Every structure is written in C-alpha cells, then in structure tokens.
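Chains A, E, C, G, D, H, B and K are the protein sequences, given in the same order.
The deposited numbering runs 45 ahead of the 1-based position in the first sequence.
The deposited numbering runs 44 ahead of the 1-based position in the second sequence.
The deposited numbering runs 13 ahead of the 1-based position in the third sequence.
The deposited numbering runs 14 ahead of the 1-based position in the fourth sequence.
The deposited numbering runs 32 ahead of the 1-based position in the fifth sequence.
The deposited numbering runs 32 ahead of the 1-based position in the sixth sequence.
The deposited numbering runs 22 ahead of the 1-based position in the seventh sequence.
Letter by letter, the eighth sequence follows residues 1 to 91, 99 to 212 of the deposited numbering.
Note that CB positions come from ideal geometry on N, CA and C, so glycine has one too.
What follows is a single structure, written as structure tokens, with notes after it.
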Amino acid sequence: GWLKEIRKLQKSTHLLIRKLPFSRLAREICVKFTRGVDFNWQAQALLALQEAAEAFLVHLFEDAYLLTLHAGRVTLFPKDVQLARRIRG
Amino acid sequence: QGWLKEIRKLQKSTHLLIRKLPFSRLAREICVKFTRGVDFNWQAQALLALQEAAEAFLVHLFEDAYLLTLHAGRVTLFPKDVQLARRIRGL
Amino acid sequence: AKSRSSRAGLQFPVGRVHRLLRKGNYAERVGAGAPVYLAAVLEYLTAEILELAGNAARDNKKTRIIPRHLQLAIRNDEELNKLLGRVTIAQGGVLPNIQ
Amino acid sequence: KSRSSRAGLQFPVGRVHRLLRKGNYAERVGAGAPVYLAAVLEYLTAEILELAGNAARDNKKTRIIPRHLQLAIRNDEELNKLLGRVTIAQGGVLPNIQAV
Amino acid sequence: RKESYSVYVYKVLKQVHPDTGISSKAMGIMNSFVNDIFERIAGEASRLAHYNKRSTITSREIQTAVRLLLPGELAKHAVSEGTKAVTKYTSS
Amino acid sequence: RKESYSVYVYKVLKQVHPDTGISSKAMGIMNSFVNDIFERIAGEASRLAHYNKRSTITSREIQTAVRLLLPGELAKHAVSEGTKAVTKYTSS
Amino acid sequence: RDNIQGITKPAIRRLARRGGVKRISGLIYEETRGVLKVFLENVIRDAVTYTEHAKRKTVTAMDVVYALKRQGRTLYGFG
Amino acid sequence: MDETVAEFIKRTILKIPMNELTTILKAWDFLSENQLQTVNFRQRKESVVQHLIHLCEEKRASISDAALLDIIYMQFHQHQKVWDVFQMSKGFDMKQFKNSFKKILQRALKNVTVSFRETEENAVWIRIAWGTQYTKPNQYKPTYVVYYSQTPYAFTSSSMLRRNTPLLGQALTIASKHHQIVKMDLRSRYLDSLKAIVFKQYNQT
DNA sequence: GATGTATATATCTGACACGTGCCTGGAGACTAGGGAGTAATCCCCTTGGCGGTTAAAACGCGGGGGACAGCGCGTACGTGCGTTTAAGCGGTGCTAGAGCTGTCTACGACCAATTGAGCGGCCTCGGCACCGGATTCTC
DNA sequence: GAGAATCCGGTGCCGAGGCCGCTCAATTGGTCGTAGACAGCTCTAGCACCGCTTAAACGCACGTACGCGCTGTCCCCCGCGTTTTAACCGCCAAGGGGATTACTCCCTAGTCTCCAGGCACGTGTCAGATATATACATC
C-alpha cells in the first residue's frame, strides 16, 4: 500500500510544500517581527527558507520515527515529536 | 527505598564523583598513545579541568538518555537507550 | 586627570576594552563610541546574573557566593538558560530534578 | 612564472593571499602558508568530485547534479563527520526504509 | 603583569549588594564569563564589518550584535541601557 | 566584477575525469563549499596566532589547523600533500 | 483567513513519507503547524536584522544564508 | 502608545534630507520650538531621529499625525511619483464632503485610513491607506488624491495595490455630488503640466 | 496474471560548454624595520617515592520488582471515490528599490609626556565547614 | 509512634578583603589622511492581478491493523553484611624545562610599474525529460 509511495518520494528531489502558501506564511510571520513594515523578498531567498524548512522537518520526522520504533509503536503520536526536541536541545 | 535519599543527597553536594588517580592514569595512558616516545607533562589544574568536563558530560548524557525509558513505559536504562540518545544528537 | 568610566557613568573599564578591541584584530578601524556601549552591555549582563545569584545566596542563609549559587541562578532563569546553554559551570552540580 | 604553476597547483594562490590580507586574520601573512592552503583545498575538492563523478557514472548520466553530491557525501564516512551539519539545496535524502 | 576582571566585578557586586562576599574561585568563573561574551559580540560584530564591505566598528554594529546574540527581554533591556550610557557619554 | 571559484573547480574536474560535465547549479554548491572551508581553517588558524601571542600566519599554523579541522585519514593525506606542494614551491 | 492551513493535511503526509514514517497519527496535523512556525521565527527575526542593518528593504538570499549559518544549520546551495 | 507608529515616523524622517528637515518640522506644527532648540542639528541622521522620537515618546502621538507628516512629505517630492487625472460630471462646503467620503469608504470596507489637509486654491490632499477586512491598513503604500472644490477634476497617485481603483472612483463619485467618472490618457510625472492642460481648457471653455 | 517494472525512442527543449573582448588585479623589484629564532639561565613547578589510615570498592544472597509475551476490544486511520477549491502558467504593467558614482568632513590613527589606577605581596578575622545535639515523620 | 530527617550550636581554620609599593599603561593633546555619510540618477526584478485550467485537496463511508490495558511468568537488580584494598595525606628530594632577556638578521609590507588572466557576453547543439509503447517480475 504505502510502500510504493515511500520509494517514489525518496527518489525525486522537488519541493513538496507549495510555493505560494509558504510565501504567504513567510510574509505573515515577517510583518510581526519588524513593527508593521512590509519587505520585498527576492525570488531566490524563499527557496532557501523552503529548503531549510524541508530539511529540518525531514530530519525531525526521521528522529521522531526512530523514537516510535523504540516503544513498540508504529504510529507516530504527538508525544513523540515533543520529545525529540528536548533531547536535541 | 534508599535511592530516594541518594538522589536527594547527590544532587545537593557538588563534589567529584570520580577518584583522582585512576582518572589521571587513564588520561596519561590515552596521552601516551598519541605522538609516541616522549612523555607529556600535565599541570595539576588541567586534569581537574578535564575531569570536571567529563563528569558534566556523563551526567548530562545519563539524564538525557533516561527520558527514553519513561517513554517506553520501562523504568530501567538499557544500552539501546544510550546508543539511541547518541544517535539523536550526532556526536 | 579624568576617568573614562566616570564620563561613562559605568563601572567596567573603557580603555581596556578599547585596547583589546584594537589588539584583537577584529577590524582595522575602531569607532570611538563602540567600547563604551559594549562595556555597558557587559555591566548589565554581569549585574543581572549577580542580582539573580545573591537572592539564592541569601536563600541558603549564606553571604559568600559559591559556584553552586551561580549554577542555580543560571539554570532557574529562562532567558539566561537560553543564553548559557552549552556551558558547564565548574564545581556546579545539577538542579534538583526528579521524574 | 605564475605562483599557481610554480608550485604545480590548480587553485589560485594570489587570490587566497588577497583574501588572507583583507580578511582580518593576522597583522602579517607569511609566504609559505597560502600555497599550503590552496593545496589542501584542491585535495578536498578532488576528494568530493571523485565520489560525485563515480556516483553520476553509476546512474548512467553524463552530468553532475546535487542529488549525486548528496549521495556521495552521505555514503562516505569521513565527509559524514566533516559535513555533519550541512543541508544541501535540491538535496533529497538517502533511501532509508526500516521495519519493526 | 597578567590582568583580569576581578576588581570591576567586585565593585559591581558591592554596588548592587551591601555586603555579599564572593569567593576567590567563583570570581574566576566571572572572568571566564566576561572574557567570553566579549569574545562573542566584539567577534561577531566584526563579521558585520565584512558582509557590508566596511572597515569600522561603530556603536550601530555593536547594537545589532547585541540584538542577535541575546534572547528577547534581556536584549531589549541591554539595548535600552547602552544608548542611555552613550547619550550621557556624548555630552561630556 | 563579482568573482567566484567556478573555473578552478571545472579545471580540477577535467583533470581527474575525462568528460564528466557539471551543471550550473551544483557548481554553485562547490562555491559555497570552498568559500566555507577557507572560512574555517584560515579563520581558526588565526585563533592560533592569538593564543601563542604572535602576529603572523606561517605554514605551521595552517598545518595545525588542518590537523584539527579534519578527521583522521583525510587529515593525514592532506598534510602529506601540502608539504609536498610547499617543497616544490621553495626551490622555485 | 486560515493563514497556516496553507500547510495542508497531505503536505505533512508527503514530508512524513520522505522521512519514512508508515502511519501518521491524528493530532500531528495540529502539532507540526506549531513547530515549523517557531522555527521560521528563529530564522526570520534573525534574518530581518541583517537587512535592517544595511539600509535595505530587500531581504536577499545571502541574509537568510547568514542567519542559517548563525543558527548552526549551514545551507550551501544558494548565494 | 502603540509601538508601530514610531517606526513609521522614524522611517519618514530618515527619508527626509537634512536640507529642509527643519522646514518640515516647522511646517508640521506638532512639537514645541524649545524642543527644536534642544535637538542638535549637527550630528548624523541616525541619532537626530532617535532624539526626535524620544521627544514624541513622551508628549503625544497617533496614526493621524504621522499620516499628516506623510502628507507634508509627499507634498514636497512630486518629482518621484507619477500622477493620473480623473474628472467627474453629471451634476459647496468641503466639511460635508469629508464626512460623506469618510463614511462611505468606512462602510465600503472594514479597515481604511483617511487623512485630509487643507491647501490654497481650495485644494485638499487626501491620503488613503487601503486594507482588507482582516488585516491592518498598509501605511507604506498610500494613495493620494488631489481634489479641488471648484473644478470637477482630481489628480490621482498610482500605487502597487490596484483592484480598489473602481471602488475608490465610485465611492468618490457618490461622495461628491456626481454620477460619472472618467479616466483620461493623462499620466505624467509633473503636476504643473497636468494643471496647465486642465486649466487652459477649463478656464477658457 | 494483471499490475506494475524496466527499456527504446521521439523529439523537443533549453542549459551549457565554449570562443571572444576586455578591464584590472596579480607578478617583478626593493628597500626597512619590527618579529622572531637562537642562546643562556634560574627558578619553580612537577615527578617519584615512603609510609600509614581509612573510606571505599568487591563479593555472596535473596527477594521483591519489573520486563516481557500473549490477547481481546475497539477505535482511530488508510483507502476509494466524486467534488470543488485553490494553486500554477503566463502575461502585463510598472514602479519601488539596489547600487553606484562623486564629495567633503568629521573622525580616528599616530605620537610625545605624565601620572595614578590597578597589579603583586601580606595579614589578619569573620565566614564557614564539620562535629555533636535537640525536635519531627511516616508503616 | 520510634530509627530516620531537620535544625542548632560550638570550635578550629583558612581563605577574602583591607593595606602598601610601585610601574607601566592609560590619558591628554595636537596632526593629517581618509572612510564613510549623503544625494541623485539609473536599470531591474518583484509585486499585484487576472484568466484559465486542472491537479490536488476535501469530505465522507467504510473495513480493519494496531493501541492499549491486563495478566501470568520468570529472571534479575538492590540492599545488606563481611572482607579486602588502594586512594589519599603529608613529606622530601631533585631535576626538567618554563619563563625571561639579548641580539642579530631576515622576511614580510609598501609603493611603484607592467601585462596576462578571469569575468561578462553571446550561441550553436547535445543531454535529458517526459511521454508513449512494449518486453519481464511477481503475491
């Protein structure tokens, strides 16, 4: 079932989060930390944010899934993600 | 009981939990194997410095690795826990 | 005939920081107003951590600061724990933390 | 007569010496240092690109793409410890599958 | 002949506390504290003299280095105190 | 007017491989590789000009920085290759 | 109007399949939307500072590369 | 006060050159001249505005006074923007016009910001900060309308934010005593050429 | 055994390896002056060892405490499938914004005299560490 | 409902803070080159938007694969008491080399001058991308 889905996604390299929702999220979060000022992201830097966010989330879910196989689970509960951040610090 | 008193006692004082001369002989044995032939002088404060770093590192490692035994429902550590705790960080 | 910290209204020195910031080779030109600001920042940080340490020192009915008091004053406060994360204070021990 | 060809290198030597003068690293820069530095950089570049080219060859493609550097770094042991805190753009991951 | 920062920490401690003594070992910790933060900020602000292709370190670069190297509320108090020191330094 | 390290990586690749092409994006990775290792070693050796109270950067400090910044076998090959470059640089 | 639900219910599933997780639970969809947000603050607040210093209203790629290098997670591929 | 308008006033005065900054602050009429005498006008600009904000930290501030400062800034930099010319037809005090325009625009969308300023030849300079029904109004991309009571003509500033152009046109037509609005070919940089090409035809119809 | 699973080629599509012009940063030359490498020295910090004690570690033992394996109920999750909504292409406009080219000025290196702020050595005495004693707490 | 945990007091002891001598490094002051703030102009590349269109998400119905609590079993760390042992304290000798000073010398830095290399620009053309179609691998 899922096994044809993993081995297709660990082969390709393209982005998974779509570009426009991530751009709207970045323009939302950026305007709170600059005292209500807009900015103008270059069209290259949003790719850098998105690549760092994808790499961080993929490494995070790999470590969380390494935690899930320890306790006999296969399912990835929210107890698992909030514990793989306090260990890493 | 007993352990409930020992955790309260050892977390209060700030001593050295490892004896001096075995740790010093271990550090000298490791230092001999690199760039052989010559000996190496150690100042008496440097071995204390390295001992404080090693004790703080091992205490932080056990306190970090213990949280993967309450998570599995167990009470007791295992070498799987310590090796997984080093696997998470990247050391 | 007149001190730099006395113009600065501070307690940390100014000429020593300026001497280190020239001799450290951080930049080939050092602005004049910089080390006064930097010494004020260092004074506020040391004042904050000693102000947090002395309360725990009087909490243990002591008047002489030992490193355990600095360990507790670092680890109990949130923002200093954010700052001094990867630092093992010598002769320090750990927090009382059970279960 | 150029200092790149005089030492038998390929990386430049004058540019590295220019970046060590204007880099605010020490007040004086010797002459025996930047040739050593360019030699070490050339060895590391060849060390990466050999594995990258072999992994590109084994995928039957005549062009180097960042997935191939990702595979060559994460399959080598030494560069796993040298580059252990590095994300790579257009990267992907290793084919990691594990069961219970 | 080998200087340190013991006297100044002692003066700050006698300022913000009446008679709280400090041992000769813990004072050493304070040396390795404030020979360290000065290594970060006045190191890292030097980096901001290199990305913008400058050659000076003014108060503005140290201000941005304090905005980076400290968490939120402590950074706000520090940047509020430093310019307060500078303004009474300027009108000497 | 804004330099890079593309030509030299291309020359090394055509040296150790006959015709293996490299894309214009992955070459960019090589720029951010070797504008990075040079930031470490020639940064960190500068620190060894400060602990020993010196002011120069000779070949010996770069040699010790390579002994520190690299794992074992790669460091051994690098220190064996660098002095081999220096000795044929000296007798010019 | 949702503003964080641009991260969808299967985009988290695609990231978990790339990570290699067989079966996601439920409230993960409400958890990851927290964590990502926190991480973006510790880039963007760290990246709006550098572009504030150089008197530029444009947040270039080099600024995000420098902020990610300062956080510890070095990014290569752009510049 | 809030901690948003201070950045706006600081950015606006940083855009002002030192050649006429005292002219701007005397014409703006918001601080005491003793506090003008206190501020050093000889150090660099990256602390003069800090001292001026620290004057405005204590006494008074708003979004309206900052908007009026923005209006006076825009009135002396007409070489920068590019203007557009409108005209109404099919059909007087200005106070009822101000109230009608502000109420119609605040009934059209949720969040707008309107600001007026009186200028001779019966001129009014109208700064509009558009917004949505969920967000704050963007102060940094305004829209300026030069309106005259006598002539049915209005000078229009372009902006990044379109899609509110026919809304503003119909709201200003209903806000005035009119029914039609046009959009001529006249789009230029300098206001005096548009002034001449309107008034040579209007005064001599 | 139909559903993947790998391969032939279609062509088409654009990146890219390459060729040229060209501006400027790297090489040649050489003086000069501080950095330092070598030489000597003397003390000072470390190493080695004698010896005696005393906490501290090693070792049997048994007993409860916990880990592990099976298991039943069930519920929260994957999947199939029609819809409907939002994301991408791509195209236009089009103007704020990087940047970069002069200028002139405040400003910080650079340097001679000079003196007190801070560093090294010393000497208590109160703070404190430890040892012994009197007042609570759960099984 | 009494051995164990907490607070208290007395006494030695030893380092923390006050004090003096002093010296060298920080201050003051006058000089000059220049780094950078400041203004204005110019190309460019990012944002807003819109029409389409369509790929994917959304919502739901349902079957069922794990989550989890329970319970039985068996093994396996911890507390305890005895024996053994090496860590430590204090001393005493001695000596290897760490820190200091001198002195010459040499090697890198600065400035000038000359030109070969590395960068921006432009262009045919091969590498692959995706797409369709067809020969193997399999629960």
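- With contacts defined by Cβ atoms closer than 8 Å, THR150 (chain K) and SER166 (chain K) form a contacting pair.
- If you keep only unbroken alpha helix (DSSP H) runs of at least 4 residues inside the stretch 76-106 of chain C, you get 80-89, 91-96.
- With its beta carbon at least 8 Å from every one in chain B, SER55 (chain H) lies outside the interface.
- The stretch 119-128 of chain A makes contact with the stretch 47-63 of chain B, as at least three CB pairs between them are under 8 Å.
- Counting along the chain, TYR88 (chain B) sits inside the alpha helix (DSSP H) bounded by residues 83-93.
- Taken in chain order, the members of the stretch 35-59 of chain H whose beta-carbon sits within less than 9 Å of a beta-carbon on chain G are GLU35, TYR37, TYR40, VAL41, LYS43, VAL44, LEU45, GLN47, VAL48, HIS49, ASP51, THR52, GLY53, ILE54, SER55, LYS57, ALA58, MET59.
- Residue-level contact by beta carbon holds for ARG95 (chain B) and chain G, with a gap shorter than 8 Å.
- Under a criterion of Cβ atoms nearer than 7 Å, the residues of chain A adjacent to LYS79 (chain B) are, in order, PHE84, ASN85.
- Sorting K:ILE71, K:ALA161, K:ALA178 by C-alpha distance to the C-alpha of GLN146 (chain K) places K:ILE71 at the top.
- The C-beta of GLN127 (chain E) has fewer than 16 other C-beta atoms within 10 Å across all chains shown, which makes the residue exposed.
- Membership of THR150 (chain K) in the beta strand (DSSP E) is indicated by the continuous run 150-155.
- With a cutoff of 8 Å on beta-carbon distance, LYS59 (chain B) and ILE34 (chain B) are scored as not near each other.
- Here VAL114 (chain G) carries a coil assignment [DSSP, helix/strand/coil].
- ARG80 (chain A) reaches chain K at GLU3, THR4, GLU7, counting residues in chain order whose Cβ is nearer than 7 Å.
- Straight-line spacing of the CA atoms in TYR40 (chain D) and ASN89 (chain C) works out to 26 Å.
- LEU65 (chain E) has its alpha-carbon roughly 16 Å from the corresponding atom of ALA97 (chain E).
- Counted as a single uninterrupted DSSP element, the beta strand (DSSP E) harbouring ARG194 (chain K) occupies residues 187-195.
- The three-state reading of DSSP puts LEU97 (chain B) in strand, counting E and B together.
- Relative to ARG20 (chain C), the option among C:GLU92, C:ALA66, C:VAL49, C:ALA70 whose CA is nearest is C:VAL49.
- Within chain D, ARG92 have C-beta atoms less than 8 Å from the C-beta of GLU46 (chain K), given in sequence order.
- By the CB criterion at 8 Å, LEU14 (chain K) and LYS45 (chain K) fall inside the cutoff.
- For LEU106 (chain H), the closest C-alpha among the options G:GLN104, G:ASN94, G:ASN110 is that of G:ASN94.
- Put simply, the CB of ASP24 (chain B) is far from chain D, with every gap to its CB atoms at 8 Å or more.
- In chain A, no part has a C-beta under 7 Å from the C-beta of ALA76 (chain B); the shortest such distance is about 13 Å.
- Under a criterion of Cβ atoms nearer than 8 Å, the residues of chain B adjacent to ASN84 (chain D) are, in order, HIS75, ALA76.
- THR101, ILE102, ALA103, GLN104, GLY105, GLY106, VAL107, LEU108, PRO109, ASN110, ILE111, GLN112: these are the residues of the stretch 101-112 of chain G whose beta carbon lies less than 9 Å from some beta carbon of chain A, given in chain order.
- Per DSSP, the unbroken alpha helix (DSSP H) holding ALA21 (chain C) starts and ends at 17-21.
- For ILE53 (chain K), the enclosing alpha helix (DSSP H) stretches over residues 45-58.
- Within the DSSP secondary-structure output, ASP84 (chain K) pairs in a beta bridge with K:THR163, K:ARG194.
- In its chain, beyond the 5 residues on either side, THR113 have a beta carbon closer than 8 Å to the beta carbon of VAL119 (chain A).
- C-alpha of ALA109 (chain A) to C-alpha of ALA129 (chain A): approximately 6 Å in a straight line.
- The Cβ-Cβ distance between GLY91 (chain K) and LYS184 (chain K) falls below 8 Å.
- Of all alpha-carbon atoms in K:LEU168, K:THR158, K:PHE41, the one lying nearest the alpha-carbon of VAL205 (chain K) is that of K:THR158.
- Going by beta carbons, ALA86 (chain G) and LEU65 (chain G) fall inside the 8 Å limit.
- Taking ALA77 (chain D) as the centre and dropping the five residues before and after it, the same chain places the C-beta of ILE89, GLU93, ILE94, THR96, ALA97 closer than 8 Å to its C-beta, in chain order.
- Annotation: the continuous beta strand (DSSP E) that includes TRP132 (chain K) extends over 130-136.
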